[PDB]
Each structure stands twice: as C-alpha cells, then as structure tokens.
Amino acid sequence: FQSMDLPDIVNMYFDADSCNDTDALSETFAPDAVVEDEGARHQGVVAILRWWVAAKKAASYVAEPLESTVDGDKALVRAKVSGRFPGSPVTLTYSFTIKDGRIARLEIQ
C-alpha cells in the first residue's frame, strides 16, 4: 500500500487528522455530510468538528492507513488506530463516500 492509492480527498482527511489541522479537516467534508462513529451519528460540518475535537482530547490518537480498495463512489481504508484508550492499538475500517470532490459520508467500524 501507498498514499497514491487513495483518492486525493481521502488522503487530505488523514493528513489533516494526523497534523491536527482544523481548517483542512473542515474543508474536507460536504456541508450536508455525515460521520457515524463510536455508537453515534454526527450530521453537518459543525457536529463533525465537535466530534473530531473531542476524540483528539479523549485519546490523542494516531490513525495510520494500511491498505485500501476503491469501489465506485466508495473508498474503504483499513487503518491502525493507536492511543490513550482501552485496547489500543486497534485496526478499523474507514468507509468514505465521495460526492462532488468532498466527503458526503464516513462510517468508522
């Protein structure tokens, strides 16, 4: 696996996540976007930013993409998640839906 395997926009998500870059992260999602993570659903870019800020304070995590497959408007990324949280590190699937050069949806499972 290699970065270049990812759609530019998914790559921008992880760079921003990894560099704690709020601006870049905010510009990554559609205005109407949804994130489902940790038993919950966050709709709209405001809720998504709230969600991303809390998860950083809660665990100071690193998400590292390990492999990927792109199927249509969907991109599926396995990522090693590592940090201050019970059971660390754990491997997760990030399923991204891309509408119009932005992220419309992201399910973390």
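Residues carry their position along the shown sequence, with the first being 1.
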query: 80 to 88 set against 66 to 74, stretch whose average Cα temperature factor tops the other in the entry; finding: 66 to 74
query: Comparing 97 to 105 with 10 to 18, the one whose average Cα B-factor in the PDB entry is higher; finding: 97 to 105
query: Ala33 - which third its CA temperature factor falls in, relative to the rest of the chain; finding: highest
query: Position of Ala40 among the chain's modelled residues by C-alpha B-factor, lowest, middle or highest third; finding: highest
